Amino acid sequence: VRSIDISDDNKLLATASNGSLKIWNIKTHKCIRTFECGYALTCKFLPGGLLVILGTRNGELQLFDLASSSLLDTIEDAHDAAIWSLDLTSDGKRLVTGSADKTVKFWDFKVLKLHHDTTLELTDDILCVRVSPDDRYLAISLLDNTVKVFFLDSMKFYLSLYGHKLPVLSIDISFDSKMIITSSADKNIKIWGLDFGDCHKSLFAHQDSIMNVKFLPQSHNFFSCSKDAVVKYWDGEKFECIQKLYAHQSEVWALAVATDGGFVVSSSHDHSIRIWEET
Amino acid sequence: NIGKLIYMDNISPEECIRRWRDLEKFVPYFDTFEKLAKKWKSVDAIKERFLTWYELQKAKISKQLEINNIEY
Amino acid sequence: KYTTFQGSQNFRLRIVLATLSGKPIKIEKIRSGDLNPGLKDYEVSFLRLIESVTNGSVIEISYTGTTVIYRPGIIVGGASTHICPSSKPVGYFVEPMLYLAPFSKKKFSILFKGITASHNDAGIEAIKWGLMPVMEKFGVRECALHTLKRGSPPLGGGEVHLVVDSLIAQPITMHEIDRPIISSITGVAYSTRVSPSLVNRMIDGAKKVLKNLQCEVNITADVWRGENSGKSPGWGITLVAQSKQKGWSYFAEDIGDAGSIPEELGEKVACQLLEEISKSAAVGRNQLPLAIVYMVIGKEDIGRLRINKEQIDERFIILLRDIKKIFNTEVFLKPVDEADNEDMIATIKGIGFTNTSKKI
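Chains as they are written, first to last, in the entry's author numbering: chain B2, 394 to 504, 520 to 687; chain RJ, 548 to 568, 607 to 636, 749 to 769; chain RK, 7 to 366.
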């Protein structure tokens, strides 16, 4: 399973290489609406549930649902190379995605379907995108090993930053728009100040490669997965590993937190996803 | 005009300058950033601006006294 | 009964003119209509800086704290330290010492620790080559602001070292009638505890806006690494227009803050410098109080300096009224003949002051 989405507390999702957008619940665990799309890698909900936006390594971008028939809209050759990740905004009307034809493009939900409005060129194959939960700024991760932060009312190139010595592959932004978290494949995440871009702790764990970092959206604490079957979570004031979790067996590809209390679900290479909750 | 306008005790300074036409804050005054940037999108108005020893000392002090008298 | 003043308006100029002229001063109703009335912490620490740099000057404050009676002593100067409080950076303390300094007994080697610079007040490089060349034109020879540790807006911790070592007898009189032909447009951009690309994103935008001109543009870059970086991130930009053929300067500066894009900050300081260099004649508008105080403590003769019709506003009015209440010198305002540019020539007869604290 390549990616996980999760709603408030009820429905959950798994995204794989065949297109099995499996729709789950934490109480009966049967995959509700199984269908088939293709080599899908990243995805997101629509904020009321019941509607799922999802990309692919082919040139496409597709949208599905829960209740009615599965395929509703798809845009083929939306990016003529592979795309990597996508995001709704803080409200759920725009749709930003980045793609390794050095393009990041927006979309608008209109009525059932989507509508492209604005392309942006970058000087590198972009491979990650994260938009703030208050639409204050977006951040993009480029393999020429940099992180660029743009605004959203203007997209006027707020902060270009660097320092990871390998392609950074996961970004997150603080819940109250004060601190970003960049994470690369050199086992060293960086908590980054926001007003000018001062690094605070370029700290180091997960001794092969960070694959995805995500933010516990209540306080400013955060979970970080590995590639070597360990998921930790850290606090953002003293920067110590307040918990390790060793309970996978292979490459933990993805994870996602749930916004009710920081209720997290992780997913690995060994076809296992599992649920972590409070004590 | 403007000399007695300054040295008259009664009137306030801004009423003095509007009749003619807070310094702990050091910074000089300024207008709207967008306004003067749009005014000076072209800046050729400022193109008019842009592009022995004892007898020496005696000549220096005597020319000083002469220009002192000539503006006295 | 002797010299009475209202309000904390031009307060540094009132106290520095009292201690230069040697006349006792008394200022009351320092924001007396306020929930926190009286003298603020930065100006009380400023007054005790004056007491550390002079000798025999007694200062008494009322129980209200809004009335200050000041007898002046003699300016001994010397070498001392001074922590400055975080309510106000080092510029607000150094810019009156910059024209109290060159007359004292010993050399001025005084180091200021605290916040380097902020928005409303003067930057260190700003005073360095926007006000040390005008001091070199008025007559001093050896003056320097050794910036040996930068600071920051919210935490500071920086260290400057004002050292002047040209104990001049009195400032020479000034003769400037021509508008200076601006030869070079230079500047620096300083950065503390940030990425170095912020500097390039400043400079390319600023010289992009000023690149449509025949003048030689030259802006330099400095980051501060190690413990010379202060204790908080911050970055600023300053530009001077330097006329080398006689040595005059105009300048403009600003420091970014939370969300300040370096491109638009470079554009803002470039347009602010163009505002100053179009609005000002023969001297900077911010260099103007130093200019008139050196012309008024010049030799017993007249000195003449060009300003334009824009230079005369409320700060200049309260300056000239301050000097007319302190040592009663009318400034004569001639008009220049060519009325294409409505310029006044200020002629000021300097009070015949010499420094009276020199071991000879």
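Beta carbons: idealized from backbone N, C-alpha and C, even for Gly.
Where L117 (chain RK) sits in the DSSP three-state scheme: On the third sequence, position 111 is the one that residue 117 (chain RK) refers to. It is a strand residue.
Where the region 306-325 of chain RK meets chain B2: residues whose CB sits under 8 Å from a CB there: none
Own chain partners of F565 (chain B2) with C-beta closer than 8 Å, once the 5 adjacent residues on each side are dropped: Indexing the first sequence from 1 puts residue 565 (chain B2) at position 157. Hits under 8 Å: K556 and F558.
Bounding residues of the beta strand (DSSP E) (the contiguous stretch that carries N418 (chain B2)): Here the question's residue 418 (chain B2) lines up with position 25 in the first sequence. From DSSP, the beta strand (DSSP E) with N418 (chain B2) extends over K415 to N418.
Per DSSP, the bridge partner or partners of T496 (chain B2): For the purposes of this step, residue 496 (chain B2) is taken as residue 103 along the first sequence, with counting starting at 1. Per DSSP, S492 (chain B2) and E529 (chain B2).
Minimum Cβ-Cβ distance from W750 (chain RJ) to chain RK less than 8 Å: If you number the second sequence from 1, residue 750 (chain RJ) lands on position 53. Taking Cβ atoms only, chain RK never reaches closer than 8 Å to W750 (chain RJ), which makes this a no.
Residue-chain proximity (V200 (chain RK), chain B2), Cβ-Cβ < 8 Å: For the purposes of this step, residue 200 (chain RK) is identified with residue 194 of the third sequence, where counting begins at 1. Judged by the 8 Å Cβ criterion, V200 (chain RK) is in contact with chain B2.
Cβ-based neighbour list, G145 (chain RK), same chain, cut-off 7 Å, excluding 5 preceding and 5 following: By 1-based counting over the third sequence, the position of residue 145 (chain RK) is 139. Within the same chain, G145 (chain RK) has close Cβ partners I174, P177 and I178.
Residue range of the beta strand (DSSP E) that includes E222 (chain RK): Sequence index remark: in the third sequence, residue 222 (chain RK) carries index 216 (1-based). Note, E222 (chain RK): beta strand (DSSP E), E222 to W230.
Simplified DSSP assignment, three categories, for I553 (chain RJ): Taking the first residue of the second sequence as position 1, residue 553 (chain RJ) is located at position 6. Looking at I553 (chain RJ) - three-state DSSP - the assignment turns out to be helix.
Three CB pairs or more closer than 8 Å across the region 34-43 of chain RK and the region 83-95 of chain RK: no
For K521 (chain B2), the three-state DSSP class (helix, strand or coil): To locate residue 521 (chain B2), count along the first sequence from 1; it is residue 113. Judged by DSSP in its simplified three-state form, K521 (chain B2) adopts strand.
Cβ contact (3+ pairs, closer than 8 Å) linking the region 245-258 of chain RK and the region 122-141 of chain RK: The region 245-258 of chain RK is in contact with the region 122-141 of chain RK.
DSSP-derived helix/strand/coil call for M141 (chain RK): On the third sequence, residue 141 (chain RK) is found 135 positions in, with the first residue counted as 1. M141 (chain RK): helix per DSSP, three-state reduction.
Residue burial classification, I758 (chain RJ) (beta-carbon count within 10 angstroms, cutoff 16): Position 61 of the second sequence, counted from the start, is the residue given in the question as residue 758 (chain RJ). So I758 (chain RJ) counts as exposed.
Inter-stretch contact (C-beta, 8 Å, three-pair minimum) for the region 299-316 of chain RK and the region 341-358 of chain RK: yes
Neighbour-count burial assignment, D584 (chain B2), 16 or more Cβ in a 10 Å radius: The residue given as residue 584 (chain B2) occupies position 176 in the first sequence. Counting Cβ neighbours within 10 Å, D584 (chain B2) comes out exposed, since fewer than 16 surround it.
Coil, strand or helix - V169 (chain RK) by DSSP: On the third sequence, position 163 is the one that residue 169 (chain RK) refers to. In the structure shown, the three-state DSSP call for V169 (chain RK) is strand.
Reduced DSSP category for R18 (chain RK) - H, G, I as helix; E, B as strand; rest coil: Locating residue 18 (chain RK) in the third sequence gives position 12, where the first residue counts as 1. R18 (chain RK) falls in the helix class under three-state DSSP.
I468 (chain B2) to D228 (chain RK) span [Cα, whole Å]: For the purposes of this step, residue 468 (chain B2) is taken as residue 75 along the first sequence, with counting starting at 1. For the purposes of this step, residue 228 (chain RK) is taken as residue 222 along the third sequence, with counting starting at 1. Their Cα atoms are separated by approximately 49 Å.
Reduced DSSP secondary structure (H/G/I, E/B, other) of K755 (chain RJ): In the second sequence, the residue the question calls residue 755 (chain RJ) occupies position 58. Of the three classes helix, strand and coil, the one that applies to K755 (chain RJ) here is helix, per DSSP.
Exposure label - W661 (chain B2); buried when at least 16 CB within 10 Å: Numbered from its first residue, the first sequence carries residue 661 (chain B2) at position 253. By the 10 Å Cβ count, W661 (chain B2) comes out buried.
Partner residues on chain RK for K564 (chain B2), Cβ-Cβ distance less than 9 Å: As a position in the first sequence, residue 564 (chain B2) is number 156, starting the count at 1. Neighbours of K564 (chain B2) on chain RK, chain order: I267, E269 and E270.
Contacting positions in the region 193-219 of chain RK - beta carbon closer than 7 Å to chain RJ: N218 and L219
Under 8 Å by beta carbon: chain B2 residues contacting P108 (chain RK): Residue 108 (chain RK) sits at position 102 when you count from the first residue of the third sequence. Near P108 (chain RK) there are no residues of chain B2 at all, since even the closest Cβ is about 38 Å away, more than 8 Å.
6 Å CB neighbourhood of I357 (chain RK) in its chain, flanking five on each side removed: Working through the third sequence from its first residue, we reach residue 357 (chain RK) at position 351. So the list reads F333, once near-sequence residues are dropped.
C-beta neighbour in chain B2 for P239 (chain RK), strict 8 Å: Counting from 1 along the third sequence, the entry for residue 239 (chain RK) is found at position 233. So yes, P239 (chain RK) belongs to the interface.
Proximity below 8 Å, CB of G83 (chain RK) to CB of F114 (chain RK): Reading the third sequence from its first residue, position 77 is the one you call residue 83 (chain RK). Reading the third sequence from its first residue, position 108 is the one you call residue 114 (chain RK). Yes, the Cβ-Cβ distance between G83 (chain RK) and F114 (chain RK) is below 8 Å.
Residue of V612 (chain RJ), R566 (chain RJ) and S627 (chain RJ) minimising C-alpha distance to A258 (chain RK): By 1-based counting over the third sequence, the position of residue 258 (chain RK) is 252. Comparing Cα-Cα distances from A258 (chain RK) to each of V612 (chain RJ), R566 (chain RJ) and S627 (chain RJ), the minimum goes to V612 (chain RJ).
Within chain RJ, partners of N292 (chain RK) - CB distance below 8 Å: For the purposes of this step, residue 292 (chain RK) is identified with residue 286 of the third sequence, where counting begins at 1. Correct list: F611, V612 and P613.
Beta carbon proximity, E763 (chain RJ) to chain RK, threshold 8 Å: Within the second sequence, the letter at position 66 stands for residue 763 (chain RJ). Answer no: the Cβ-Cβ gap between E763 (chain RJ) and chain RK never drops below 8 Å.
Limits of the beta strand (DSSP E) - the one that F558 (chain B2) falls within: Numbered from 1 along the first sequence, position 150 holds the residue referred to as residue 558 (chain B2). Taken as a continuous stretch (DSSP letters only), the beta strand (DSSP E) holding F558 (chain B2) covers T554 to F559.
Test: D343 (chain RK) CB closer than 8 Å to a CB of chain RJ: Locating residue 343 (chain RK) in the third sequence gives position 337, where the first residue counts as 1. So no, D343 (chain RK) is outside the interface.
Contact list for the region 605-627 of chain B2 against chain RK, Cβ threshold 7 Å: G605 and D606
Validate contact between the region 568-581 of chain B2 and the region 594-605 of chain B2 using beta carbons, cut 8 Å, 3 pairs: With the rule of 3 Cβ pairs closer than 8 Å, the region 568-581 of chain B2 counts as touching the region 594-605 of chain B2.
Classification of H181 (chain RK) by the beta-carbon crowding that lies within 10 angstroms, buried from 16 upward: By one-based count along the third sequence, residue 181 (chain RK) stands at place 175. Exposed, since its Cβ has fewer than 16 Cβ neighbours within 10 Å.
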